[PDB]
């Protein structure tokens, strides 16, 4: 069952190694695509990939932050004029154009990636497949009585309403999690994702600070200011197919699992759903 058969027939939105970080961000925010292959202009060969998590790293979450703090002496606006090649991931995990669905699933499940460029024998970009694409294709094949319980991640990494963005960013990047439930006194009170951090950057409130920057008030912002308070949740006993359908029809990748009292029992994501087909 060739992945190309599911592969989104659209044109893949890409950037080049010399595209600035700023332009890559605009590309992300505009096209709503939070995963961008980096290709030569060129021969269309995949030479890198950049996602919102790399941007969260750059902003403070990880080692890429030292482009701002050291080279550009804390100037975020200057730093974003650097070519995306400075912060992209190289050594991309890709699939061959003759790869089947089984391979894609094993790749997603064992290599901690949610999306992979599909390339030909010259490493030229052909398409791209993500976990959502696969779940969407296989949704009707999930038994309707199957429950979510065995698929839930029980030990949840979490943010709080009072945490500063700079510290939540660390939590996201160190743990490799795009989405953190926000918890206060054991109760779910919101959700925050790497996407929220990009959206903050493209705000009026943000560009205002950057000019007088003082870029620092961006990363000092607390979760309560920017989190989504009303969260789509799952609960023990829910059908896997219902949950999978909610994700795929809403472009959401993660639901916090809660009590009727909103205590957190776990989290379930698209990768977990795909463990049904492992």
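Residue numbers count along the first chain shown, from 1.
Peer 1: Taking the recorded C-alpha temperature factors, which stretch has the higher mean, 15 to 23 or 254 to 262?
Peer 2: Comparing averages over the C-alpha atoms only gives 254 to 262.
Peer 1: Tell me which of 6 to 14 and 265 to 273 has the higher mean C-alpha B-factor in the deposited entry.
Peer 2: According to the PDB entry, the answer is 6 to 14.
Peer 1: By the entry's C-alpha temperature factors, tell me which of 207, 197, 108, 177 sits highest.
Peer 2: Of 207, 197, 108, 177, 207 has the highest C-alpha B-factor.
Peer 1: Among the candidates 171, 81, 91, 203, give the one with the maximum CA B-factor reported in the record.
Peer 2: Comparing C-alpha B-factors across 171, 81, 91, 203, the top value belongs to 203.
Peer 1: Sort the modelled residues of this chain by their C-alpha B factor and say whether residue 131 lands in the lowest, middle or highest third.
Peer 2: Answer is lowest: the recorded C-alpha B-factor places it there.
Peer 1: In terms of the chain's CA B-factor thirds, is residue 33 lowest, middle or highest?
Peer 2: Its C-alpha B-factor, which the entry lists for residue 33, ranks in the highest third among residues of this chain.
Peer 1: Taking the values exactly as deposited, rank residue 233 by C-alpha B-factor within its chain and report the matching third: lowest, middle or highest.
Peer 2: According to the entry, residue 233 has a C-alpha B-factor in the chain's middle third.
Peer 1: Against its chain's modelled residues, does residue 72's Cα B factor rank lowest, middle or highest third?
Peer 2: Top third by C-alpha B-factor.
Peer 1: Mind checking which third residue 186 falls in for C-alpha B-factor across the chain?
Peer 2: It falls in the top third of the chain.
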